[PDB]
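Chemist: Here's my sequence, what's the structure:
(chains A and B)
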2 protein chains.
Amino acid sequence: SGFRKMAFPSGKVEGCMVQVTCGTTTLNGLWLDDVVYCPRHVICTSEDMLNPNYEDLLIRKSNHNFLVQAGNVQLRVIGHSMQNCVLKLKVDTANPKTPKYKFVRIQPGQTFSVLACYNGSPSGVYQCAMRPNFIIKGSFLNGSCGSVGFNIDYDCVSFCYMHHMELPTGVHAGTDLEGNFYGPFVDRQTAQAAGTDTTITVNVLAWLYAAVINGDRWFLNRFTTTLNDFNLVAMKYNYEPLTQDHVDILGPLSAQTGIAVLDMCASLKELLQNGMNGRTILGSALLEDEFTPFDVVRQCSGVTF
Amino acid sequence: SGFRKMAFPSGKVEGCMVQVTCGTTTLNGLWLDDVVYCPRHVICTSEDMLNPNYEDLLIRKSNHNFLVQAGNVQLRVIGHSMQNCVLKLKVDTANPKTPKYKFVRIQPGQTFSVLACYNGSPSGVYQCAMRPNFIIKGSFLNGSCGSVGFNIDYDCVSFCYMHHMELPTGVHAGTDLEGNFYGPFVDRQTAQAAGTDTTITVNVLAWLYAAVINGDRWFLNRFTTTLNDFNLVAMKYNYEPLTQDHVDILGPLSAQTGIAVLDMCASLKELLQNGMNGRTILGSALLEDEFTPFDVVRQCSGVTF
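Modeler: Residues are numbered from 1 along each chain as shown, chains lettered A, B, ... in the order given. Okay, here it is:
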């Protein structure tokens, strides 16, 4: 037993990380089959970033202007094109370590692992949520751009995120692997702000179930509530409203624990109204919202890959 | 910027995980060169675990009684011996994925990554501290035994932990890779308890430095203190006493931030005396002690492997 924020094993992703250099700018790329995916802002100077016309900047770039280095070996780039906010560099060698993979656009509230890289070399790995306002709160230093986020289902890696920007507020923004940004963000150094940060209610509930399963139950109270009643309360605390789908999704946890979803909602309500009074739940003094219901099930039954 | 509890990339360790089965018991082993390391309690029934004589139980086991399976391939076991609380199974094939490695006995307060495995397959990876009372608080389900903890320095993996026991209290105990337990624990299902859980003061300080570097400085106050003064306070809050060595170790962070170690100690003192008043530091409502000073430096400058 015991419950941790756990990333997926990163080996399959490690073998896909390369270094992409164009002009003075170096960042990370993802080498799958004979294509290297990286942020298009690889082509920009720091001055360019204030107001780039990527189409114009791209005109002055040829295949030979993109140095792609996989460990100590130079890849020959035989073609390139822009797809939304990513570059696809066609290279002449298929990555021999290409895993079974998908590209997936994840929903707000869903979680994934980030393999933070610099100069195409991995630094570390950690679990993240795509927040309701479409930012993530990661750890991304200079050079980290092109680092990816992913899930694994057995042998298949689903890539969902590529890092592109740190906003003035210190939060992080990026795209799916087709290069469309999560949220309204653009690949320009301007004032952009994320909206109100809201908590992923369904995730908090899952985490409370994980707690109970693990012996933390001091927070279980004698009340129940209704979806509408609970949601009134959720609104005030900037919690995402809870829907019947969310309830359905929590069913297996409800069943395992014998605690009806709405009874757990009532426990959550008291916690929002009265706080934790200096206590903890699974070694946290606040309500953790970076575990999905599936994450909880996955850990609590020990699914492997 | 931004600051996360980050594990080391796990690829190098993944390629060393196997499944060890003896009788009805299956767990994980670490395959390095031509040796598989696993917990000796692989040889025990659940009844045996109440009071095992490992020497006697071992007498009835031959090489052929240990099924070692690396992915889908059976390894031939050509020798076996007991070293403290681990078995070393000599197999006839060197692991072709053996990385540069060391075995190291870590000190209390030091951190490492755990690759949680079941049936020799990885589940996930997360960062841990060896606590002052020699337990870790992990996530280890049935079958997880033999999962390892490690650090990486560039290409060299330093293995420091193998999981063996969950205590009645839900905390976890294990050995170094020579099979000596951290702390007083034994590989028997009896009442054993860890002592008083104390906080790793030097780590809390490092984390406060990480905070400041990242823009969280609301907790900086106008006071300083002395080692002795601070320690009086530390005693009361069950914080490990701070020594001159710890101060020395924090020097680079002191220098980068321009905040003297003893001034940061005074900030910490007020936090212990007055709590956080419902505020957070790097998105935590309590004092995080699972980052070493080196961890902080490592992340804040983006060291790769």
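
Chemist: would you say residue A:127 is within a strand?
Modeler: Yes: assigned with DSSP: H, G, I helix; E, B strand; the rest coil, residue A:127 falls within a strand.

Chemist: For it, name its beta-bridge partners.
Modeler: Beta-bridge partners for residue A:127, by DSSP bridges, are residue A:113.

Chemist: List the contacts of it.
Modeler: Applying Cβ atoms under 8 Å, 6 or more residues apart in numbering or on different chains, we find residue A:127 in contact with A:5-7, A:111-114, A:290. In short, each C-beta sits where N, CA and C put it, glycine included.

Chemist: of those residues, buried ones?
Modeler: A:5-7, A:111-114, A:290 (16 or more other Cβ atoms under 10 Å in any protein chain shown).

Chemist: Quick one: residues in contact with stretch A:40-48.
Modeler: Under the criterion Cβ under 8 Å, 6+ apart, residues A:20-25, A:27, A:49, A:52, A:54, A:57-58, A:61, A:66, A:82, A:85-87, A:145-146, A:164, A:179, A:187 lie in contact with stretch A:40-48.

Chemist: Just the ones in strands from those, please.
Modeler: Under the assignment DSSP state E, the contacts of stretch A:40-48 contribute A:20-22, A:25, A:27, A:82, A:86-87, A:164 to strands.

Chemist: Between the residues you listed, identify the one with the most neighbours.
Modeler: Per-residue neighbour counts (other Cβ atoms under 10 Å in any protein chain shown) across the ones in strands among the contacts of stretch A:40-48 peak at residue A:20, which has 28 neighbours.

Chemist: pretty sure that residue is touching residue A:67, no?
Modeler: Yes: between residue A:20 and residue A:67 there is a contact under Cβ atoms under 8 Å: 7.3 Å.

Chemist: my guess is residue A:179 meets residue A:84, correct?
Modeler: Yes: counting by Cβ under 8 Å, residue A:84 is a contact partner of residue A:179 at 3.4 Å.

Chemist: Between those two, tell me which one has more neighbours.
Modeler: More crowded of residue A:179 and residue A:84, by other Cβ under 10 Å: residue A:179, with 21 against 13.

Chemist: And the more buried one, how far from residue B:160?
Modeler: According to Cβ to Cβ, to the nearest Å, residue A:179 stands 41 Å off from residue B:160.

Chemist: who touches residue A:3 in this structure?
Modeler: The contact partners of residue A:3, taken as Cβ under 8 Å, 6+ apart, are A:210-211, A:213-214, A:282, A:299-300, B:139.

Chemist: From those residues, which land in helices?
Modeler: In this view, the contacts of residue A:3 that belong to helices under DSSP state H are A:210-211, A:213, A:299-300.

Chemist: out of those, who's nearest chain B?
Modeler: residue A:299 (6.2 Å; Cβ to the nearest Cβ).

Chemist: number of nearby residues for that closest one?
Modeler: Count around residue A:299 with other Cβ under 10 Å applied: 22.

Chemist: about what we covered before: same list (the contacts of residue A:127) but as JSON lines, adding distance to residue B:169.
Modeler: Formatted as JSON lines, these follow (distance: Cβ to Cβ, whole Å):
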{"residue": "A:5", "distance to residue B:169": "21"}
{"residue": "A:6", "distance to residue B:169": "21"}
{"residue": "A:7", "distance to residue B:169": "26"}
{"residue": "A:111", "distance to residue B:169": "29"}
{"residue": "A:112", "distance to residue B:169": "33"}
{"residue": "A:113", "distance to residue B:169": "30"}
{"residue": "A:114", "distance to residue B:169": "33"}
{"residue": "A:290", "distance to residue B:169": "26"}
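
Chemist: Closest to chain B out of those residues?
Modeler: Nearest to chain B among those is residue A:6, at 3.5 Å by Cβ to the nearest Cβ.

Chemist: Does the closest one touch residue B:123 like I think?
Modeler: Yes: Residue A:6 lies in contact with residue B:123 (Cβ under 8 Å); the separation is 7.4 Å.

Chemist: list residues touching both of those two?
Modeler: Residues touching both residue A:6 and residue B:123 (Cβ under 8 Å, 6+ apart): A:299, B:116.

Chemist: tally of neighbours for residue A:188?
Modeler: Residue A:188 - counted by other Cβ under 10 Å - has 16 other residues nearby.

Chemist: Can you tell me how far it is from residue B:91?
Modeler: Residue A:188 is 57 Å from residue B:91, by Cβ to Cβ.

Chemist: OK, contacts around residue A:176?
Modeler: For residue A:176, the contact set (Cβ under 8 Å, 6+ apart) comprises A:103-106, A:160-162, A:182.

Chemist: Could you turn the buried ones of those into a ChimeraX selection?
Modeler: Only the buried entries of these go into this ChimeraX selection, using 16+ other Cβ under 10 Å:
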select /A:104,106,160,161,162,182
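
Chemist: just curious, which of the contacts of residue A:176 is nearest to residue A:230?
Modeler: Nearest to residue A:230 among the contacts of residue A:176 is residue A:106, at 25.6 Å by Cβ to Cβ.

Chemist: And for the closest one, nearest residue in space, chain neighbours not counted?
Modeler: Closest residue in space to residue A:106, ignoring its immediate chain neighbours: residue A:160 at 4.4 Å, by Cβ to Cβ, 6 or more residues apart in numbering or on different chains.

Chemist: Spell out the secondary structure type for the one you found.
Modeler: Recorded secondary structure, residue A:160: strand (three-state DSSP).

Chemist: who's in contact with it?
Modeler: Residue A:160 sits in contact with A:103-106, A:110, A:112, A:130, A:149-151, A:176-177, where contact means Cβ under 8 Å, 6+ apart.

Chemist: mind checking the end-to-end distance for stretch A:167-176?
Modeler: End-to-end distance for stretch A:167-176, by Cα to Cα, to the nearest Å: 18 Å.

Chemist: how about residue A:267, phi and psi?
Modeler: The phi/psi pair for residue A:267 (degrees, to the nearest 10) reads phi -70, psi -40.

Chemist: Distance check, it against residue A:109.
Modeler: Distance check for residue A:267 against residue A:109: by Cβ to Cβ, it reads 20 Å.
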